[PDB]
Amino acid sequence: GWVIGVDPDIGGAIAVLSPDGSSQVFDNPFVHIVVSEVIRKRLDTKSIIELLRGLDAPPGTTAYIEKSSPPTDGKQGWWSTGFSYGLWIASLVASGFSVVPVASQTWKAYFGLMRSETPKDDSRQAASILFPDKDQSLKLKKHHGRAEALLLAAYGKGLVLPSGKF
């Protein structure tokens, strides 16, 4: 009855949809790291795992995670993408959750965002239409990570946008 959505990137989030209709979303924890004298962010492994071990989702809950691709930042931009992705899939399988990777094109096309002039903005609107109680948590432009994780869970659950304006 539960479902999890994971935007695995820095700036991402993990969302939990419960069978009683309620939802939750948590920002991905991160630390700082200096790579070649440049300040980078890096996911916080311990905080992610402890977050997963504190969820109310029963073991076996399916986690829908975006398997993405950054090709204009190149080396150590794909290392970061694979690192964050490998970190999340391992943390989920170790917490008792089943993992289903979803292409970014797939969940965006389902919610009609594939060719959006404002993709991050529309995802927050689409996420607040599905979960109006998260409207506070989708206010800022930096909340598109929370929105993607919610849409990833909503796609995996098969939710549909109600008829109305966008």
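Counting begins at 1, following the sequence as shown.
Per the record, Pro70 and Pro71 are separated by 1 to 3 deposited residues that are missing from the model. The mean C-alpha temperature factor is higher for 109-117 when 109-117 and 96-104 are set side by side. Higher mean CA temperature factor, per the PDB entry, when comparing 71-79 with 84-92: 71-79.
In this structure the maximum Cα B-factor among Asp56, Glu66, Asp133, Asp27 is found at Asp56. For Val160, the recorded CA B-factor ranks within the middle third of the chain. Only modelled residues enter the ranking.
Ranked by Cα temperature factor within the chain, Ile48 sits in the lowest third according to the deposited record.
Per-chain ranking of the deposited C-alpha B factor places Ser36 in the highest third. Ranked within its chain, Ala126 lands in the middle third, by CA B factor from the PDB record. Ranked against the other modelled residues of its chain, the C-alpha B-factor of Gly21 as given in the entry falls in the highest third.
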